[PDB]
Amino acid sequence: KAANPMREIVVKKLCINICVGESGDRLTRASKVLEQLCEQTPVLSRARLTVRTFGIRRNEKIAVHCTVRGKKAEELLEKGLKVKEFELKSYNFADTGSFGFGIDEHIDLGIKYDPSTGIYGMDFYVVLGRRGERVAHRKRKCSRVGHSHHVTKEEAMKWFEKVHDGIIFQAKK
Amino acid sequence: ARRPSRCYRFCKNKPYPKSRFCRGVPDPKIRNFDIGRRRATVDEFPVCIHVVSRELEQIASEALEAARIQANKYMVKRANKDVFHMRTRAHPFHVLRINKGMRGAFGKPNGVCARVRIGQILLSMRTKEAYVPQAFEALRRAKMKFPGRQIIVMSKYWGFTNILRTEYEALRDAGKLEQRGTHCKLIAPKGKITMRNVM
Amino acid sequence: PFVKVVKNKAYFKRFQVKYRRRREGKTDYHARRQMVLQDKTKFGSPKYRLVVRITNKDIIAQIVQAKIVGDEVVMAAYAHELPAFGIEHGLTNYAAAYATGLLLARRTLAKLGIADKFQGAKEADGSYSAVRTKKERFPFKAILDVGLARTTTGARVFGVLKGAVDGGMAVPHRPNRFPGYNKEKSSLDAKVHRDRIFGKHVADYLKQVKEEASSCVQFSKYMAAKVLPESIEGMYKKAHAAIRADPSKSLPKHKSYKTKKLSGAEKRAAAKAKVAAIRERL
Amino acid sequence: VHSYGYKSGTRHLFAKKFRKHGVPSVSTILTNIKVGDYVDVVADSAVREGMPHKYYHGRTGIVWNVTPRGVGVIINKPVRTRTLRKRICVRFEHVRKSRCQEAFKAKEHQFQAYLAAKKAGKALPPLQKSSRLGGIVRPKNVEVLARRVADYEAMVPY
RNA sequence: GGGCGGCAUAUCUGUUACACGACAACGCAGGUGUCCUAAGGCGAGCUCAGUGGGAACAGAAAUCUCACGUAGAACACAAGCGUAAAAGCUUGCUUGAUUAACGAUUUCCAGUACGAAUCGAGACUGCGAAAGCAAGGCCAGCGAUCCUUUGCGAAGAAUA
RNA sequence: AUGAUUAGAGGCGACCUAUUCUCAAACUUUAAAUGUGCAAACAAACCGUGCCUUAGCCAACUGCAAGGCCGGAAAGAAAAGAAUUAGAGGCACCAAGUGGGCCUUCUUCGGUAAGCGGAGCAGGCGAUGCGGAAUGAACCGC
RNA sequence: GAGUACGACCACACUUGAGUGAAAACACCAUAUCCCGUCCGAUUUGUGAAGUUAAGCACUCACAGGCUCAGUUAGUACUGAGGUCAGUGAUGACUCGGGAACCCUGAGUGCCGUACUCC
Ligand SMILES: [K+]
Ligand SMILES: [K+]
Ligand SMILES: [K+]
Ligand SMILES: [Mg+2]
Ligand SMILES: [Mg+2]
Ligand SMILES: [Mg+2]
Ligand SMILES: [Mg+2]
Ligand SMILES: [Mg+2]
Ligand SMILES: [Mg+2]
Ligand SMILES: [Mg+2]
Ligand SMILES: [Mg+2]
Ligand SMILES: [Mg+2]
Ligand SMILES: [Mg+2]
Ligand SMILES: [Mg+2]
Ligand SMILES: [Mg+2]
Ligand SMILES: [Mg+2]
Ligand SMILES: [Mg+2]
Ligand SMILES: [Mg+2]
Ligand SMILES: [Mg+2]
Ligand SMILES: [Mg+2]
Ligand SMILES: [Mg+2]
Ligand SMILES: [Mg+2]
Ligand SMILES: [Mg+2]
Ligand SMILES: [Mg+2]
Ligand SMILES: [Mg+2]
Ligand SMILES: [Mg+2]
Ligand code: NA
């Protein structure tokens, strides 16, 4: 039964990622920007493997990211999609029901641009789901979510264009 | 030059393949194991002729290559190259060594050979009923290149398949056979009922 | 295509399914093997676990002996049996956990016949006194079995443990996980632990939620009844007294719904009918 | 083997069977071993503590010592012209109760039950009769055993 | 033959090796004389290698996210074996790598020693709510007589 | 599965999925034959709210563990193919030669091979003639 | 006839699709003052009962894949013992015994305890 209220799609979380790529002053400023944006403490993400072309090395903090849930996540998504002018492409949606977009100007999100920091730009990713995804993340009796209960790409697109009234492009690449 | 093959007959050692323990093995002499119209469908060549070894022995890749070349030359000379398909079954996976009785006499790889058993098919040729004597004479001349004793027989199966010649046409007409390249599989009443296995 | 299928025929051929309870996410078998373990020099003398399991709605406390045929439950107590003693709401809070542990200890000691010999603490103080174990007659001993629960400072599993200890049973423990224990100071605040045991935290939250209500999912059944935040502690005290007075009481006291299995003959007949129908179509 | 370490030549001996990996079960923990019991010394590959030497794998002996986590087993070992009673010390995971006296114990119990029935006057179970005896044979279906041409035609492959 | 070469001179893994154990060659393929206050001990969390879907710069490869993933990764170092709510990875606390009354065993074996290892009994401990686990890093990594050298036999008390 | 390996087929050439030709001392799901431990009633094992002791275990004992004591029953090990024995078992003491081995069935490694070098199980010769293979340490018989 | 907690054996129990599920459970679920822990009450911890069987869970099905037990493969392969057996040999068969494996095909798709609860 699709009409069951437990099948309503909700925003599980909004994940904001700023990949500065080099530790030091830039990463500190990026963490401050994320602290201003998300109203909560972010975390530095350490490099996995040394890549010469990017520098990077290993175990070195190269990015700062944060997870936002609840009302703050929804308002942040509203701001980010307002910046994107409520237009997302078809391939921006994953087959797992999630979608995301990049923002190039941190000062475009209604945030003061006092020159103590600079313009960074970031990554917005939102994860859709339904009430019941606890079964695959709880410690006891952990089990797979039912196949039908998953959020599909078409379901995510319909949720986006019904809730936020956005426009899909139906293009590729 | 190369040693006489009488030194490397008789399968005296445990199998000694090329691996991470035996490095430095030269490539086998025989490279392509199919000649003739290898892309011909299973229905095109109903007659299968075997060269069956009657001895437990080793056959060098040089002998295998020479036999395949001789058989191909005869088949293309006394027939067409599109009316047969011969397959070399034995593969040279056993490495021969040369101590080039002294101390530290364990040798280096100098060749490769196929270890062959009694009743093992060495060469199989798919062909038509018109060119059967040509196939027999080509396989006789190719046998002349091999060591030991081999017999040439005509298979009771259709081509390279495991389906008998008498029953192949009836099975195919009834729809009981699946064509996958140059061999066929008798479709079984099992699995999900699809447009296949309905029979 | 273009993506290799990991779960192919060979993958299933070589798969070794885990134990049923592990694949159900129920039992930690390393912990269970260490818990049912005993000295081989004991030659199988009886050993008991205090099994504490908490659901979304109930608290399950059992005294269990491990056996090869299957574990034997000596005594069981439930949170939903507390209404027989006077606990009408909040059957899953810390106070209900303490009461369930007390009830299980009293029932076990009554069944073993040593109830009059071991009284435990009549009045709960929240204070820690070390249990008396072998490692005057010794108290009945069980070891705590929290299962997969996260053992934090103030979890209700330790509420059940504390209730059982005050009930008379000797469960070896340290106060490091009781609510109110100060990790930095390495000291226990017995007043805070007693407040949790009698649910003054629940009473304070109820008062706050009611004040906000005047200004309704939370405490809906508490507020539907005429439950006052100032009567909770007396209610739990009376519950303790009643549980000690008579632990044997509980709550006051075959149509087939299964689907029949088709036989193999019926499965094959259905399959043959289906293939015949497909043949008739084509 | 090229070296003579403690676990030399145990690649297949101290390996677990296919799809039977994992640590010993609770039934192994709960087994009660007594001094004087007959046990089988079978090394569990996944324990690696208190492991017997490869020689004692598959040997049956008598328990002479029980410790809190170990078992003392006496194993016969032939050395030159004599057999030595070797005392090995292993953990209980590498020990199994031996059914080597199961049939003898059953024989003793059956003899005791037979004596009890003979005392009670109960009728003893009928004695089994020998299957080696003669008798009349009445064949329901008789077939001819012979060699046919088809047997030869079949034993030839291809 | 010896010599040169090499080390088959002490020793570890797989194989030869013939489904108990044992088995030769200057047989085959490789190791050892180290390294680690953590890479030892314990508790708790977590899951690995890869694979797809997706997300500014960002691409085959930088981070984020969702699934699938029986281990195809890791476990100092050679090789097996073993291990998935771990034995792997992170993190917290620690010194069980200390003593250990001449306890008893296995391996080589003459049933001698050494080196490694196993089951214990004491003392003082560490981690853990607890059951428990731990006197190093499982299995290779090491050394007689004689000689040298270091530690222990504090202070006090006893008419003995 | 891990390693190799041939060719067609169905969804640039790969890629994917079903197969297909051929393999492994240092691969293996499976798996013999020959083996190899233990047991098969006289210092034992079996039975008993049997009794005593314990500074052993268990919350306790009448439960368990251990030494005993007192009784019982004993095909003395039935019947089902249901063992056999030129079957005195144990325990020492003192010493000799020997510590170059060779051959063979079967299994086996190095070597093109060798009346070559090197192993396993077991029989031989050495140490042994006699009767046979004309002749031969070892083959056949004894 | 079922449920829950603890289990024993650890696929006949797993995996993939679908469907059905009385009661009570179990679970999704609501929430963050206190106990506790996180970048994030996601996990975890505390407090609680407005909704839902949509998931989990349990059953049922599939000429399903695996798994289990058989048959067949096959008295074949291999093998203990024997010959002054055959054969130049490679190797074979024979005599007295033992005896496989995959493919392929048939059947089946958890079972057994302790305690409490619903029918
Ligand atoms: K020839
Ligand atoms: K250790
Ligand atoms: K020294
Ligand atoms: Mg010449
Ligand atoms: Mg050889
Ligand atoms: Mg734990
Ligand atoms: Mg081997
Ligand atoms: Mg094995
Ligand atoms: Mg062996
Ligand atoms: Mg752990
Ligand atoms: Mg000593
Ligand atoms: Mg020593
Ligand atoms: Mg060591
Ligand atoms: Mg100690
Ligand atoms: Mg080590
Ligand atoms: Mg150790
Ligand atoms: Mg008899
Ligand atoms: Mg001499
Ligand atoms: Mg010689
Ligand atoms: Mg002599
Ligand atoms: Mg003669
Ligand atoms: Mg939550
Ligand atoms: Mg919660
Ligand atoms: Mg449903
Ligand atoms: Mg099937
Ligand atoms: Mg034989
Ligand atoms: Na010295």
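Structure determination for this entry is recorded as cryo-EM, at 2.72 Å resolution.

J.: I'd like a description of the pairing of strand β3 (residues 72-78) of chain C, backed by residues and values.
T.: All names here are of chain C. Of the pairings in the sheet, the one linking strand β2 (residues 59-65) to β3 comprises 6 bridges and is antiparallel in character. Residue pairing in the sheet places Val64 in a bridge with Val73 of β3. Hairpin geometry of β2 and β3 is characterised by an intervening segment of 6 residues between the two adjacent antiparallel strands and by a positive phi of about 150° at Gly70.

J.: Please set out the side chain of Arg244 of chain C residue by residue, giving values where relevant.
T.: Residue and element names in this part refer to chain C. In this structure, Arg244 sits in helix α9 (residues 232-245). Buried and unpaired, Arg244 has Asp125 as its nearest opposite-charge partner, separated by 9.4 Å. Among all residues touching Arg244, those that are not within four sequence positions of it are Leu102, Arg106, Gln119, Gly120, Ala121, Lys122, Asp166 and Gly167.

J.: Report on the nonpolar core, specifying residues and quantitative values.
T.: All names here are of chain C. Formed by 53 residues in total, the largest nonpolar core has its most connected members in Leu50, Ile63, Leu144 and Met169. Secondary-structure elements contributing two or more residues to this core are β1 (48-54), β2, β3, α4 (94-112), α5 (156-167), α7 (200-214) and α9. Of all the elements, α4 adds the most residues to this core, at 11 residues. The contacts of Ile63, once residues within four sequence positions are left out, are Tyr48, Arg49, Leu50, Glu72, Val73, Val74, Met75, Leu104, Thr108, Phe140, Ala142 and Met169.

J.: For the sheet that holds strand β1 (residues 9-18) of chain A, give the residues involved together with the corresponding values.
T.: Residue and element names in this part refer to chain A. Taken together, 5 strands build an open sheet; the order of strands is β2-β3-β1-β6-β5 and the sheet is antiparallel. Of all the strands in the sheet, just β2 (43-46) and β5 (99-103) have a single pairing partner and so form its edges. Adjacent strand axes in the sheet meet at a mean angle of 25°, parallel and antiparallel pairs treated alike. Of the strand pairs in this sheet, β5 and strand β6 (residues 122-130) are connected by 5 bridges, and their pairing is antiparallel. Following the sheet pairing, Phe99 is matched in β6 by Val126. Sheet strands touched by helix α2 (residues 71-83): β1, β3 (61-68), β5 and β6. Its angle to β1, the strand with the most contacts, is close to 65°.

J.: Summarise the interface of chain C and chain D; cite the residues concerned and give the values.
T.: By a frequent convention, interface size equals the accessible area lost on bringing the separate parts together. Each partner contributes residues to the interface: chain C has 18 residues there, and chain D has 21 residues. Counting each side, the surface lost to burial between chain C and chain D is near 1,800 Å², with a carbon and sulfur contribution of 63%. In terms of surface lost to chain D, no three residues of chain C exceed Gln16, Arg33 and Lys40 of chain C, which account for 36% of the buried area on that side. Applying the counting criterion to the chain C and chain D interface returns 1 salt bridge. Its salt-bridge partner being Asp39 of chain C, residue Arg69 of chain D comes within 3.4 Å of it at the nearest N-O pair. Looking at the side of chain C that touches chain D element by element, the count peaks at 3 residues for helix α3 (residues 29-36) of chain C. Of the residues that constitute the side of chain C that touches chain D, the class distribution is 7 nonpolar, 4 polar and 7 charged.

J.: Give me the lowdown on the pattern of salt bridges, citing residues and values where you can.
T.: Scanning the entire structure with this criterion turns up 29 salt bridges over all chains. Put simply, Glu155 of chain A and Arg130 of chain A hold a salt bridge, and the shortest N to O gap is 2.9 Å. Of the two residues, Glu155 of chain A is situated in helix α3 (residues 153-163) and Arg130 of chain A in strand β6; the sequence distance between them amounts to 25 residues. On the basis of relative accessible area, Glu155 of chain A is assigned to the partly exposed category, the value being 25%. Residue classification places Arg130 of chain A among the buried residues on the basis of a relative accessible area of 5%. For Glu129 of chain B, the salt bridge identified is with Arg165 of chain B, shortest N-O distance 3.2 Å. Of the two residues, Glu129 of chain B is situated in the loop between β7 (121-127) and α2 (132-143) and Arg165 of chain B in helix α3 (residues 165-174); the sequence distance between them amounts to 36 residues. Since its relative accessible area comes to 23%, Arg165 of chain B is described here as partly exposed. Residues joined in a network through salt bridges with shared partners are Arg32, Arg49, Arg53, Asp71 and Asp145 of chain C.

J.: Explain the packing of α4 of chain C against helix α6 (residues 190-197) of chain C residue by residue, including any values.
T.: Residue and element names in this part refer to chain C. Where α4 contacts α6, the axes come no closer than 7 Å and their chain directions differ by 85°. If you check the angle between α4 and α6, you find them roughly perpendicular. Here α4 contributes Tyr94, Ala95 and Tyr98 to the contact with α6, which in turn contributes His193, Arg196 and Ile197. Residue classes in the contact of α4 with α6 are distributed as 4 nonpolar, 1 polar and 1 charged.

J.: Can you lay out a nonpolar patch on the surface for me, pointing to particular residues and giving the numbers?
T.: Taken together, the side chains of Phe111, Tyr114, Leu115 and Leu124 of chain D present a nonpolar region at the surface, about 340 Å² in accessible area. Taking the relative accessible area as the measure of exposure, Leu124 of chain D reaches 33% and is therefore partly exposed.

J.: Quick rundown of the UniProt feature "binding site: Mg(2+)" (unreviewed entry) in chain B? Include the residues and the values.
T.: Residue and element names in this part refer to chain B. Here, UniProt's "binding site: Mg(2+)" (unreviewed entry) annotation points to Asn13. Tracing the backbone through its elements, the reader meets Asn13 in the segment before β1 (34-36). Setting aside residues up to four positions removed in sequence, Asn13 forms contacts with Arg97 and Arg115.

What counts and what doesn't
- Here, residue numbers run from 1 along each chain following its sequence as written; these need not agree with the numbering used in the entry, and residues that have no coordinates do not appear.
- Chains carry letters from A onward and ligands carry numbers from 1 onward, assigned in written order.
- Note that the displayed chains come from a larger assembly and that each value is computed for the displayed part only.
- Here the side-chain values reflect all heavy atoms present in the structure, with hydrogen atoms and water set aside.
- Residues with missing side-chain atoms are left out of burial classes, side-chain pairs and their counts.
- Two strands qualify as a pair provided that DSSP identifies no fewer than 2 bridges between them.
- Labels follow the DSSP assignment, with helices taken as runs of H or I lasting at least four residues and strands as runs of E lasting at least two, numbered in each case from the N terminus.
- Burial classification: accessible surface area is computed with a 1.4 Å probe over protein chains only, and a residue below 20% of its type maximum counts as buried, one above 50% as exposed, and the rest as partly exposed.
- Counting rule for charge: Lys and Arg are taken as positive, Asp and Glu as negative, and neither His nor the chain ends is counted.
- Any carboxyl oxygen of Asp or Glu within 4 Å of a side-chain nitrogen of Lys or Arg constitutes a salt bridge here.
- The contact criterion used throughout is that any non-hydrogen atoms of two residues lie within 4.5 Å.
- Definition used in this section: a nonpolar core is a set of buried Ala, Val, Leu, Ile, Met, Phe, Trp, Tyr and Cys residues joined via side-chain atoms within 4.5 Å.
- For helices, the fitted line uses only the C-alpha atoms of the stretch in contact; every axis is such a line through C-alpha atoms, and the angle between N-to-C directions lies from 0 to 180 degrees.
- The term buried area means the drop in 1.4 Å probe accessible area that two parts suffer when joined, counted for both and summed.
- Each residue gets one label: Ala, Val, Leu, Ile, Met, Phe, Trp, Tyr, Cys and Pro are nonpolar, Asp, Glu, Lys and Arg are charged, and the others, such as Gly, are polar.
- Each angle is binned into one of four classes, with values under 35 degrees roughly parallel, values over 145 roughly antiparallel, values of 65 to 115 roughly perpendicular, and all other values oblique.
- Patch definition: residues above 30% relative accessible area lacking any salt bridge, with like charges linked at up to 9 Å and the nonpolar side chains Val, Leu, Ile, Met, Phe, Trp and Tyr linked at up to 5 Å.
- For every accessible area listed, the method is Shrake-Rupley and the probe measures 1.4 Å; residues are considered covered only by the protein chains on display.
- UniProt positions are given in the numbering used here, feature names are shortened, and annotations may be inferred rather than shown by experiment.

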